């Protein structure tokens, strides 16, 4: 077990999942801090922080000055800094923070246990997924420091990279970001194939596909959508790359190209991505609700089929992100109508959750607070979408902050809630050291409060016309930006608490000695093993009655 042997040449799925967690955790903070930057800068009108005069100073110099206010009068509005920040967030988050933790951390480690499988079908190839996730991250980060738009560093384009701004932007910044997304898509497809052979081939005797945990089913559907969606994004971004370095003209009108066709092929993967993020969150919620309500998950088949209902609809509603880009009315109706249908599937899931709780005795442990938060905030987030699904209302809402609040409710108060739900719920199982019920509660309360302040205000701003991706705004939008900004520092405080809570725990945390430290209602095969689990779980296959 040389340290190099263990983590650098890994073949075990439970250490590869631990790698993706911390890794995703890392990049989440990094990304997370860029958000404080933005919120400092948006707290108040005029540009105080992102000044053009800080470019003269080396980077080591100007940096530190940027964490301190300047007067409007002496502040020279450098819009590009803003644009680069907003896009490091977006790209880090959607490719390098949340899918990796929720899919490759809690899915690699646990999906296998839940089905009663020795390991993962293709161990070597899994470790290769982990390391190509690093390459992409690396390339994407490197990008912030390389030659990019307007003689400064960094590609301030959008996390979706639309041309012809993406093609015409100078430097090679956007080339590194282009290939970062490529590696992350290989990452995801290798992971996707592995989880698909494993689940249908490596289940324990007598475990029929209708006898599999829902957490594992959610990684199954997630993994399908990746497989069918990332390859389509390898192509739209290969068309950006060629048009920039080989003077092709896919989305260049002077040669007969069409910027809009880019938007179709990007969103045909840009929709499947958002269900790829929240699928796993729905699976961890089940577990946490069954466990802590001390009762069987209500409507198990309809939960499994709701899952497949979403992922399948997820591939036919992608022009909802293009209502104002120039589409036919027919196109606008097909896509509005089609998007509305995902509401059935999700509701069924939401009701079944309330139902499971109904009739059982509930234990409000830390892990359940998140699950309940998520029940609420994902619905808040959800509704919004229906409003945004309406082509008509989207005119006004499109590209204003009313969308930014959408997506953060169902991402930051949604799938993120599922990232923490699973953290608190399975930290002992994977570490031998449980956490403090008290600090966990505090954290939860802190961040629900903070994060509601962060984005609830933005629904206002969006209704009041504030555009998306501005570094400055009118005088009439100050009020609510203060609030939001206050909110994000409150939430950033929390995330700091949580990393100390975690640090503490793995240092001085209660030694766990039981095989199930929760209750009898936590009925899946992970709870039948030590506490921290054997390095070769399931040499002896799970006897049919065992669970």
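Residue numbers count along the first chain shown, from 1. By rigid core we mean the largest C-alpha set that fits within 1.5 Å across both forms.
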query: Farther-lying stretch by C-alpha RMS in 4 other deposited structures of this protein, rigid core as reference, of 521 to 529 and 7 to 15; finding: 7 to 15
query: Stretch with greater C-alpha deviation in 4 other deposited structures of this protein, 343 to 351 versus 181 to 189 (rigid core superposition); finding: 343 to 351
query: Greater mean Cα temperature factor according to the PDB record, 135 to 143 or 225 to 233; finding: 135 to 143
query: Mean C-alpha B-factor comparison - 525 to 533 and 6 to 14, higher one; finding: 6 to 14
query: Criterion, highest CA B-factor; candidates, 267, 401, 445, 103; finding: 445
query: Chain-wide C-alpha B factor ranking for residue 188, given as lowest, middle or highest third; finding: middle
query: CA B-factor placement of residue 97, once the chain's modelled residues are sorted into thirds; finding: lowest
query: Chain third (lowest, middle, highest) by recorded CA B-factor, residue given as residue 361; finding: highest
query: Third of chain Cα B-factors occupied by residue 474; finding: highest
query: Modelled-residue ranking by C-alpha temperature factor, third containing residue 405; finding: lowest
